[PDB]
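Dropping final.txt in here (compact mmCIF, C-alpha atoms and all ligand atoms):
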```
# COMPACT_ATOMS: atom_id res chain seq x y z
CA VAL A 40 46.38 89.00 158.18
CA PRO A 41 50.06 88.16 157.42
CA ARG A 42 52.30 91.02 156.19
CA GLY A 43 55.89 91.51 154.93
CA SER A 44 56.05 89.35 151.77
CA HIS A 45 56.55 91.86 148.89
CA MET A 46 57.86 95.08 150.48
CA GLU A 47 54.29 96.21 151.34
CA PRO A 48 53.63 98.38 154.42
CA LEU A 49 53.76 96.25 157.58
CA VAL A 50 50.95 98.27 159.19
CA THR A 51 48.47 100.75 157.74
CA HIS A 52 46.21 101.71 160.68
CA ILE A 53 48.87 104.15 161.96
CA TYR A 54 51.87 105.79 160.28
CA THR A 55 55.18 104.29 161.43
CA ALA A 56 58.81 105.27 160.91
CA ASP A 57 62.35 104.60 162.00
CA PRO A 58 62.09 100.84 162.62
CA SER A 59 64.51 99.40 165.18
CA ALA A 60 64.06 95.60 165.16
CA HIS A 61 65.16 93.08 167.80
CA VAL A 62 64.61 89.43 168.50
CA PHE A 63 63.26 89.02 172.07
CA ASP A 64 61.49 85.85 173.35
CA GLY A 65 61.66 84.27 169.88
CA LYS A 66 59.63 87.08 168.28
CA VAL A 67 60.61 90.16 166.25
CA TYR A 68 59.90 93.33 168.28
CA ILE A 69 60.00 96.59 166.36
CA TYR A 70 60.47 99.97 168.06
CA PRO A 71 59.40 102.65 165.54
CA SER A 72 58.34 106.29 165.69
CA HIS A 73 54.60 106.87 165.52
CA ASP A 74 54.06 109.52 162.86
CA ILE A 75 51.04 111.85 163.05
CA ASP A 76 49.75 114.55 160.76
CA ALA A 77 50.51 117.33 163.23
CA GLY A 78 50.47 120.02 160.51
CA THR A 79 53.41 121.82 162.15
CA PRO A 80 55.72 124.08 160.13
CA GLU A 81 58.01 122.22 157.70
CA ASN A 82 61.71 123.19 157.80
CA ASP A 83 65.30 121.94 157.81
CA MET A 84 65.24 121.59 161.64
CA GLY A 85 62.48 118.95 161.29
CA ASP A 86 59.67 120.75 163.19
CA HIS A 87 57.22 118.84 160.95
CA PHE A 88 58.17 115.64 162.80
CA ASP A 89 56.03 116.26 165.88
CA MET A 90 55.45 112.76 167.26
CA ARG A 91 54.06 112.29 170.76
CA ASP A 92 54.11 108.57 171.62
CA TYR A 93 55.50 105.15 170.79
CA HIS A 94 53.73 101.91 169.90
CA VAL A 95 55.71 98.64 170.03
CA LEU A 96 55.05 96.21 167.14
CA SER A 97 55.75 92.48 167.06
CA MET A 98 55.85 89.62 164.56
CA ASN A 99 56.08 85.87 165.23
CA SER A 100 57.25 85.23 161.65
CA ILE A 101 58.26 87.15 158.54
CA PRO A 102 55.96 87.35 156.71
CA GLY A 103 53.47 87.41 159.56
CA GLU A 104 50.65 89.08 161.45
CA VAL A 105 51.87 92.35 163.02
CA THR A 106 50.65 93.06 166.57
CA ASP A 107 50.33 96.68 167.74
CA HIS A 108 50.75 96.62 171.53
CA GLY A 109 49.13 100.06 172.09
CA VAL A 110 50.84 103.10 173.56
CA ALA A 111 54.12 102.05 175.21
CA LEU A 112 55.19 105.56 176.20
CA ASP A 113 53.49 108.94 175.95
CA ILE A 114 55.40 112.23 175.93
CA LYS A 115 52.97 113.73 178.49
CA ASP A 116 54.35 111.21 181.04
CA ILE A 117 58.06 111.94 180.41
CA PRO A 118 58.83 114.59 183.07
CA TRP A 119 61.84 116.18 181.32
CA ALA A 120 60.56 116.20 177.72
CA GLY A 121 58.95 119.17 175.98
CA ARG A 122 58.37 117.86 172.45
CA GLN A 123 59.29 115.53 169.61
CA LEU A 124 59.59 111.80 170.33
CA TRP A 125 61.98 110.75 167.57
CA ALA A 126 63.52 107.37 166.57
CA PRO A 127 63.70 105.00 169.61
CA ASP A 128 65.55 101.74 170.39
CA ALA A 129 65.29 98.96 172.98
CA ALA A 130 67.53 96.56 174.86
CA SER A 131 67.06 93.56 177.12
CA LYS A 132 69.18 92.80 180.18
CA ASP A 133 68.57 90.45 183.14
CA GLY A 134 64.79 90.27 182.59
CA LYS A 135 64.26 94.02 182.22
CA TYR A 136 63.52 95.89 179.00
CA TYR A 137 64.85 99.39 178.32
CA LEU A 138 63.41 101.85 175.78
CA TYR A 139 65.89 104.55 174.72
CA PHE A 140 64.42 107.62 173.11
CA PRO A 141 65.42 111.08 171.83
CA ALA A 142 63.25 114.07 172.76
CA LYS A 143 63.65 117.82 173.16
CA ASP A 144 63.97 118.96 176.75
CA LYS A 145 62.30 122.17 177.94
CA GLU A 146 65.17 124.32 176.58
CA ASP A 147 64.58 122.75 173.12
CA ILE A 148 67.78 120.67 173.30
CA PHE A 149 67.60 117.00 172.14
CA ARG A 150 68.60 114.54 174.86
CA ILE A 151 68.26 110.78 175.16
CA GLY A 152 66.23 109.17 177.94
CA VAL A 153 65.41 105.67 179.05
CA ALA A 154 62.18 104.03 180.14
CA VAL A 155 61.91 100.64 181.85
CA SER A 156 59.57 97.61 181.59
CA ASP A 157 59.33 93.96 182.52
CA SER A 158 58.07 93.14 178.97
CA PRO A 159 59.53 93.73 175.47
CA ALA A 160 56.04 94.99 174.53
CA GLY A 161 56.00 97.64 177.27
CA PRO A 162 54.51 99.79 178.51
CA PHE A 163 57.62 101.58 179.86
CA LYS A 164 58.14 103.89 182.86
CA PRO A 165 60.44 106.81 181.92
CA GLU A 166 63.26 107.93 184.20
CA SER A 167 62.60 111.49 185.43
CA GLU A 168 65.72 112.98 183.77
CA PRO A 169 67.53 112.11 180.52
CA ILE A 170 70.77 110.17 180.48
CA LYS A 171 73.57 112.32 181.90
CA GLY A 172 76.02 113.28 179.14
CA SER A 173 73.58 112.38 176.33
CA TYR A 174 72.60 114.70 173.50
CA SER A 175 71.26 114.67 169.94
CA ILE A 176 69.11 111.85 168.55
CA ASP A 177 68.80 108.31 167.16
CA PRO A 178 70.11 105.93 169.85
CA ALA A 179 71.04 102.39 168.84
CA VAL A 180 71.81 100.23 171.85
CA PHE A 181 73.91 97.27 170.73
CA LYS A 182 74.62 94.15 172.80
CA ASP A 183 78.02 92.73 171.86
CA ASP A 184 78.79 88.96 172.10
CA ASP A 185 80.81 89.53 175.30
CA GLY A 186 77.70 90.95 177.03
CA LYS A 187 78.78 94.61 176.86
CA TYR A 188 76.14 97.07 175.70
CA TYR A 189 76.97 100.24 173.76
CA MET A 190 74.86 103.20 172.76
CA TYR A 191 75.55 104.61 169.32
CA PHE A 192 73.90 107.98 168.72
CA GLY A 193 73.70 111.29 166.93
CA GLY A 194 72.15 113.26 164.09
CA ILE A 195 73.26 116.47 162.37
CA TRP A 196 71.13 119.40 161.15
CA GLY A 197 67.88 119.14 163.15
CA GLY A 198 69.40 116.47 165.37
CA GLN A 199 71.81 119.12 166.78
CA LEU A 200 74.96 116.96 166.91
CA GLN A 201 76.97 119.78 165.30
CA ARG A 202 76.18 121.94 168.41
CA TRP A 203 77.94 119.54 170.82
CA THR A 204 81.68 119.70 170.03
CA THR A 205 82.70 121.00 173.54
CA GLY A 206 80.48 118.72 175.64
CA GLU A 207 78.08 121.68 176.12
CA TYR A 208 75.31 122.90 173.83
CA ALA A 209 76.55 125.67 171.53
CA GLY A 210 73.11 127.42 171.55
CA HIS A 211 70.08 127.91 169.28
CA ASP A 212 71.99 130.40 167.09
CA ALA A 213 74.82 127.89 166.42
CA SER A 214 75.25 125.86 163.19
CA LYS A 215 72.02 124.53 161.66
CA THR A 216 73.92 121.92 159.61
CA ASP A 217 77.47 120.68 160.35
CA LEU A 218 80.98 122.08 161.08
CA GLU A 219 80.81 124.24 157.92
CA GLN A 220 84.31 123.10 156.97
CA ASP A 221 83.95 120.73 154.07
CA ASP A 222 87.67 119.94 153.84
CA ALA A 223 87.84 118.84 157.49
CA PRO A 224 86.77 115.35 158.56
CA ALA A 225 82.99 115.01 158.76
CA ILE A 226 81.29 114.83 162.14
CA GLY A 227 81.20 111.26 163.42
CA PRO A 228 78.47 109.48 165.37
CA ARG A 229 78.88 108.97 169.11
CA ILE A 230 79.36 105.87 171.25
CA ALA A 231 79.37 105.06 174.95
CA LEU A 232 79.56 101.85 176.89
CA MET A 233 76.43 101.53 179.01
CA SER A 234 76.45 101.19 182.77
CA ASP A 235 75.63 97.83 184.33
CA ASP A 236 72.14 99.08 185.29
CA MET A 237 71.49 100.41 181.73
CA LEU A 238 70.46 103.90 182.92
CA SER A 239 73.71 105.79 182.30
CA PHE A 240 76.96 105.86 180.36
CA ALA A 241 79.98 104.02 181.84
CA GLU A 242 82.61 106.27 180.18
CA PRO A 243 83.03 109.66 178.58
CA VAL A 244 81.25 109.73 175.20
CA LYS A 245 83.56 108.94 172.24
CA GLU A 246 83.34 109.99 168.58
CA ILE A 247 83.62 107.36 165.87
CA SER A 248 86.06 107.84 162.97
CA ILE A 249 84.81 106.82 159.54
CA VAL A 250 87.42 106.52 156.78
CA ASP A 251 87.53 105.67 153.10
CA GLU A 252 89.19 102.60 151.59
CA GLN A 253 92.55 104.47 151.55
CA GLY A 254 92.26 105.19 155.33
CA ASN A 255 91.53 108.92 154.84
CA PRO A 256 88.74 110.52 156.89
CA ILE A 257 85.41 110.95 155.14
CA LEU A 258 85.19 114.71 154.70
CA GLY A 259 82.42 117.14 155.59
CA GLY A 260 81.82 117.94 151.89
CA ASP A 261 81.34 114.27 150.97
CA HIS A 262 77.56 114.20 151.50
CA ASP A 263 77.18 110.89 149.60
CA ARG A 264 79.17 109.04 152.31
CA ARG A 265 79.35 111.13 155.49
CA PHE A 266 77.28 110.44 158.62
CA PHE A 267 73.94 112.24 158.94
CA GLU A 268 71.72 110.23 161.32
CA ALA A 269 70.25 106.77 162.09
CA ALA A 270 73.32 104.88 163.32
CA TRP A 271 72.92 101.10 163.60
CA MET A 272 75.39 98.41 164.67
CA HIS A 273 75.30 94.71 163.83
CA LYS A 274 77.89 91.94 163.61
CA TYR A 275 78.54 89.39 160.89
CA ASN A 276 81.45 86.94 160.83
CA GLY A 277 83.17 88.74 163.72
CA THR A 278 83.16 92.08 161.85
CA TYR A 279 81.35 95.19 163.18
CA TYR A 280 79.01 96.94 160.71
CA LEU A 281 78.21 100.59 161.34
CA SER A 282 75.35 101.55 159.08
CA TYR A 283 73.66 104.95 158.83
CA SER A 284 71.69 107.46 156.83
CA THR A 285 73.46 110.15 154.76
CA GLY A 286 70.46 112.50 155.03
CA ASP A 287 70.39 115.01 152.20
CA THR A 288 71.75 112.35 149.82
CA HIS A 289 69.16 109.80 151.06
CA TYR A 290 71.29 106.64 151.30
CA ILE A 291 71.69 104.02 153.93
CA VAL A 292 75.38 103.14 153.78
CA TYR A 293 77.71 100.91 155.78
CA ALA A 294 81.27 100.83 157.05
CA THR A 295 83.17 97.96 158.68
CA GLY A 296 85.56 97.71 161.65
CA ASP A 297 87.07 95.25 164.11
CA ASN A 298 85.69 96.59 167.40
CA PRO A 299 82.74 98.68 168.70
CA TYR A 300 84.61 102.01 168.60
CA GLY A 301 86.00 101.72 165.06
CA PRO A 302 87.47 103.25 163.06
CA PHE A 303 85.05 102.04 160.37
CA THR A 304 85.97 101.85 156.68
CA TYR A 305 83.21 102.97 154.29
CA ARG A 306 82.17 100.00 152.07
CA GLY A 307 79.03 100.94 150.13
CA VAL A 308 75.27 101.40 149.98
CA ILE A 309 72.77 99.23 151.90
CA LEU A 310 69.60 100.96 150.69
CA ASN A 311 69.06 103.41 147.88
CA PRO A 312 66.74 106.41 148.29
CA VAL A 313 63.08 105.85 149.12
CA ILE A 314 59.85 107.78 148.62
CA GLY A 315 60.08 110.72 151.02
CA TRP A 316 63.11 112.62 152.34
CA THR A 317 64.13 110.46 155.29
CA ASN A 318 65.72 107.02 155.17
CA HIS A 319 65.98 105.04 158.40
CA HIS A 320 66.61 101.34 158.88
CA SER A 321 67.70 98.45 161.03
CA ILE A 322 69.36 95.12 160.28
CA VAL A 323 68.43 92.00 162.25
CA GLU A 324 68.91 88.23 162.08
CA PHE A 325 65.79 86.12 162.66
CA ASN A 326 65.56 82.34 162.17
CA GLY A 327 68.93 82.45 160.39
CA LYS A 328 67.92 85.05 157.78
CA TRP A 329 69.00 88.68 157.77
CA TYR A 330 66.37 91.39 157.33
CA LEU A 331 66.50 95.10 156.51
CA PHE A 332 63.64 97.00 158.17
CA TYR A 333 63.15 100.46 156.65
CA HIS A 334 60.48 103.06 155.89
CA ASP A 335 59.06 105.21 153.16
CA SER A 336 56.28 107.74 152.48
CA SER A 337 54.33 105.48 150.06
CA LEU A 338 51.20 104.99 152.20
CA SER A 339 50.66 108.75 152.66
CA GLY A 340 51.16 109.45 148.93
CA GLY A 341 54.60 110.97 149.47
CA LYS A 342 54.36 113.05 152.68
CA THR A 343 57.83 113.12 154.25
CA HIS A 344 56.42 113.15 157.82
CA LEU A 345 53.80 110.37 157.35
CA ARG A 346 55.74 107.17 156.83
CA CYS A 347 55.20 103.41 156.88
CA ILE A 348 57.66 100.69 157.84
CA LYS A 349 58.62 97.89 155.43
CA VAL A 350 60.95 94.87 155.48
CA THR A 351 63.03 92.96 152.99
CA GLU A 352 65.69 90.24 153.04
CA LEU A 353 69.31 91.41 153.25
CA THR A 354 72.19 89.43 151.71
CA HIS A 355 75.72 89.36 153.12
CA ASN A 356 78.41 87.79 150.96
CA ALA A 357 80.94 85.57 152.74
CA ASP A 358 83.61 88.24 152.19
CA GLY A 359 81.54 90.58 154.40
CA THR A 360 80.17 92.80 151.62
CA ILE A 361 76.41 93.40 151.53
CA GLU A 362 74.31 93.48 148.35
CA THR A 363 72.75 96.90 147.76
CA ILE A 364 68.93 97.02 147.98
CA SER A 365 67.02 99.30 145.61
CA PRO A 366 63.56 99.68 147.14
CA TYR A 367 61.27 99.68 144.06
CA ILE A 368 62.82 97.24 141.59
CA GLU A 369 61.18 93.81 142.10
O1 LIG B 401 67.07 116.42 161.87
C1 LIG B 401 66.64 116.05 160.55
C2 LIG B 401 66.22 117.29 159.77
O2 LIG B 401 67.33 118.19 159.57
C3 LIG B 401 65.71 116.86 158.40
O3 LIG B 401 65.24 118.02 157.68
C4 LIG B 401 65.12 117.84 156.27
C5 LIG B 401 66.16 118.70 155.56
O4 LIG B 401 65.87 118.79 154.17
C6 LIG B 401 64.53 119.22 153.88
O5 LIG B 401 64.32 119.29 152.46
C7 LIG B 401 63.53 118.24 154.41
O6 LIG B 401 62.21 118.66 154.05
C8 LIG B 401 63.65 118.15 155.91
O7 LIG B 401 62.82 117.09 156.40
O8 LIG B 401 64.62 115.93 158.52
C9 LIG B 401 65.00 114.72 159.17
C10 LIG B 401 65.48 115.06 160.58
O9 LIG B 401 65.87 113.87 161.24
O1 LIG B 402 61.71 110.52 162.15
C1 LIG B 402 62.26 111.54 162.97
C2 LIG B 402 63.73 111.61 162.66
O2 LIG B 402 63.94 111.76 161.24
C3 LIG B 402 64.87 110.79 160.83
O3 LIG B 402 64.16 109.67 160.25
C4 LIG B 402 65.60 110.46 162.12
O4 LIG B 402 66.38 109.30 162.02
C5 LIG B 402 64.49 110.37 163.14
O5 LIG B 402 64.87 110.43 164.54
NA NA B 403 69.00 103.18 164.41
NA NA B 404 76.93 97.82 146.65
```
Would you write out, as C-alpha cells, the structure that this file holds?
Amino acid sequence: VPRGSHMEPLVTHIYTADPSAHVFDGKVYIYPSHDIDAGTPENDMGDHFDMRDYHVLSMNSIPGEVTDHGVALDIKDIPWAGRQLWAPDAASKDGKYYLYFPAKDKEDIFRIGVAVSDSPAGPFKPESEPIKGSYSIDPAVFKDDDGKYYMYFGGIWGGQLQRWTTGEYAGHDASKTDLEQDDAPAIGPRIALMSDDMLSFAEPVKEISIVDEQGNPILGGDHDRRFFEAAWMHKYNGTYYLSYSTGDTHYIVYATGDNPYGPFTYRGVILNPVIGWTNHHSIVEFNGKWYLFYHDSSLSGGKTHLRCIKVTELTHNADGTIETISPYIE
C-alpha cells in the first residue's frame, strides 16, 4: 500500500531510524538504522541503541509503496565490529554502491567502515577493517557537482567525538559530553575528501567551523545551536547547507557556506523537536521536489530507542532560507 502522504510512519513491520535518503536509478533509496527492543541499559552513552543490522528501503514515488530489501549487512559479518550499528549512509560511484556505517570496534571505540555492493539495495560486503583515520559516528557521504565525494561525520556524548582532539582516542575515562569549556568554540563536525576508490580518506581529517550571523564561533554552552550529531550536506542554488541535530535541545538546524569545508553560518531551525529524544534527518531532491526524511518514537508509544521514519515536503525560499517544519501541526 502507498505511504508518505500525511507524515505517517513509512514502515511499521520493523522499527526504523536515522533515514539517509538518496536518488539512485530513478528511485528513492533510504539507508536507516534498524531499531530493536534489545532491552539494554539506558544511559547518556546510548547503550540502549543496540542495533545489529541494516535493511535498505526504497520508494518509486512519494507517496508510494515502500520496499524492504531484507538484511543488507549484519554485524556478525563485519570482522572488526563488536557492537552497535548506528546511523548509516550510502554513495554510488562508477557502478558500485558503498554503505558507510558507524560501529564500536572491539575496544569499544566508534569507527566508520564501508561495505560494497553492485546494487543500491545491497546486500553489501564489509571491508575487514574500518576506514583508517575515521572515528565517532554518523557519516554523510556527499557527492559534489564536480564529482568529488566528501564524508561528513561525528557525534558528541555517546558518539565519542569529544575524545578525538589529538587524532588518538582519549580513553574510556575521558569526557562523556564535550570539551567542558562552554566559553570556547563548540566542537565541530568532521570532513574528509574520499579517495578515488571510496574506501579511504584522501586527506587528513578537517574540522568544520560553524559561526553565528556576526561571524563569531558558536560556543560550547550554546546547546540550542551547537553541533551534536547527524551531519548532512546538500546544495541549493550553489550554496552548501550543513544541517545537523543539536541533541539535548532536540532541533535539526542548518548553516550555510560557499564550499564543502565551510565555515558555515548558522541560519535557523529545519525541524522542531519530535516524539522521543533523538532527532535525525536527511534532505533530498526527487522529481524536482525537496523532501525532509526524519524519525520519531510515535509508533512505539514514545520509546526513544524504537523509532519510525517519516517524510514531509521541505520548502527553500529563493533567498536560500528554509521554512521551519514543526512535526505535529497539520
Ligand atoms: O550518542 C548519543 C547519546 O549520547 C544520546 O544519549 C541521550 C542523552 O540524553 C538522555 O536523556 C537520553 O535518554 C539518551 O538517549 O542518545 C543518542 C546518541 O546518538
Ligand atoms: O540512532 C543511533 C544514534 O542516535 C542518533 O539518532 C544518532 O544520530 C544515531 O547514530
Ligand atoms: Na546524516
Ligand atoms: Na525558521
Restricting the calculation to all atoms listed in the file: of A:306, A:91, A:264, A:320, which residue gets closest to ligand NA 403 (chain B)? A:320
Find the spatial neighbours of stretch 349-360 of chain A, counting only C-alpha atoms, within a cut-off of 8 Å - ignore same-chain residues fewer than 3 positions away - and output them as a ChimeraX atom specification. /A:43-49,275-276,278,306,322,328-335,364
Quick one: residues within 10 Å of stretch 105-122 of chain A, only C-alpha atoms counted, chain neighbours fewer than 5 positions away excluded, as an MDAnalysis selection string? chainID A and resid 40:43 49:50 52:53 67:70 73 86 88:100 138 140:154 156 159:169
Throw together the list of residues within 10 Å of ligand LIG 401 (chain B), counting all atoms listed in the file, and drop it here as JSON, numbers by chain. {"A": [57, 81, 82, 83, 84, 85, 86, 87, 88, 125, 126, 175, 176, 177, 193, 194, 195, 196, 197, 198, 199, 200, 215, 216, 267, 268, 269, 284, 286, 287, 288, 315, 316, 317, 318, 319, 342, 343, 344]}
Correct to one decimal, the distance atom CA of residue A:254-atom CA of residue A:302 is 9.3 Å
Report as a Markdown table: every residue of chain A with an atom at most 9 Å from ligand NA 404 (chain B), its closest pair of atoms, and their distance in Å to one decimal, counting all atoms listed in the file, with rows sorted by chain and ascending residue number.
```
| residue | atom | partner | partner_atom | distance |
| --- | --- | --- | --- | --- |
| A:306 | CA | B:NA404 | NA | 7.8 |
| A:307 | CA | B:NA404 | NA | 5.1 |
| A:308 | CA | B:NA404 | NA | 5.2 |
| A:309 | CA | B:NA404 | NA | 6.8 |
| A:310 | CA | B:NA404 | NA | 8.9 |
| A:360 | CA | B:NA404 | NA | 7.8 |
| A:361 | CA | B:NA404 | NA | 6.6 |
| A:362 | CA | B:NA404 | NA | 5.3 |
| A:363 | CA | B:NA404 | NA | 4.4 |
| A:364 | CA | B:NA404 | NA | 8.1 |
```
Which residue of A:79, A:298, A:285, A:51 approaches ligand LIG 402 (chain B) most closely, using all atoms listed in the file: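 Closest candidate: A:285.
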Mind giving me the straight-line distance from atom CA of residue A:180 to atom CA of residue A:251 in Å, one decimal? 25.1 Å
Which residues are near ligand NA 403 (chain B) in this structure, taking near to mean any atom at most 6 Å from a ligand atom and counting only C-alpha atoms and all ligand atoms? Format them as a PDB file with C-alpha atoms, in the coordinates of the input.
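selection08.pdb was written with the following content:
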```
ATOM      1  CA  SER A  59      64.510  99.400 165.180  1.00  0.00           C
ATOM      2  CA  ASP A 177      68.800 108.310 167.160  1.00  0.00           C
ATOM      3  CA  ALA A 179      71.040 102.390 168.840  1.00  0.00           C
ATOM      4  CA  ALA A 269      70.250 106.770 162.090  1.00  0.00           C
ATOM      5  CA  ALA A 270      73.320 104.880 163.320  1.00  0.00           C
ATOM      6  CA  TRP A 271      72.920 101.100 163.600  1.00  0.00           C
ATOM      7  CA  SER A 321      67.700  98.450 161.030  1.00  0.00           C
TER       8      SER A 321
END
```
Box time for ligand LIG 402 (chain B): axis-aligned, enclosing all its listed atoms, 8 Å extra on each side; report centre and edge lengths in Å to one decimal, as lines of an AutoDock Vina configuration file.
```
center_x = 64.0
center_y = 110.5
center_z = 162.4
size_x = 20.7
size_y = 18.5
size_z = 20.3
```
Env of residue A:281: 10 Å cut, atoms = all atoms listed in the file, seq-sep filter 4 positions within chain, self excluded. Answer as a ChimeraX atom specification. /A:191,228,247,249,270-274,292-296,299-305
Counting all atoms listed in the file, which of A:237, A:337, A:205, A:347 gets nearest to ligand LIG 402 (chain B)? A:347
Calculate how many Å separate atom CA of residue A:129 from atom CA of residue A:280, rounding to one decimal.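 Atom CA of residue A:280 lies at a distance of 18.5 Å from atom CA of residue A:129.
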So which residues touch residue A:235 within 9 Å, counting all atoms listed in the file, skipping near sequence neighbours fewer than 4 positions away, as a VMD selection string? chain A and resid 187 to 188 239 241
Could the residues in this selection be written to a file with C-alpha atoms, as a PDB file, in the coordinates of the input?
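File out04.pdb, as written:
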```pdb
ATOM      1  CA  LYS A 187      78.780  94.610 176.860  1.00  0.00           C
ATOM      2  CA  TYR A 188      76.140  97.070 175.700  1.00  0.00           C
ATOM      3  CA  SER A 239      73.710 105.790 182.300  1.00  0.00           C
ATOM      4  CA  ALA A 241      79.980 104.020 181.840  1.00  0.00           C
TER       5      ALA A 241
END
```
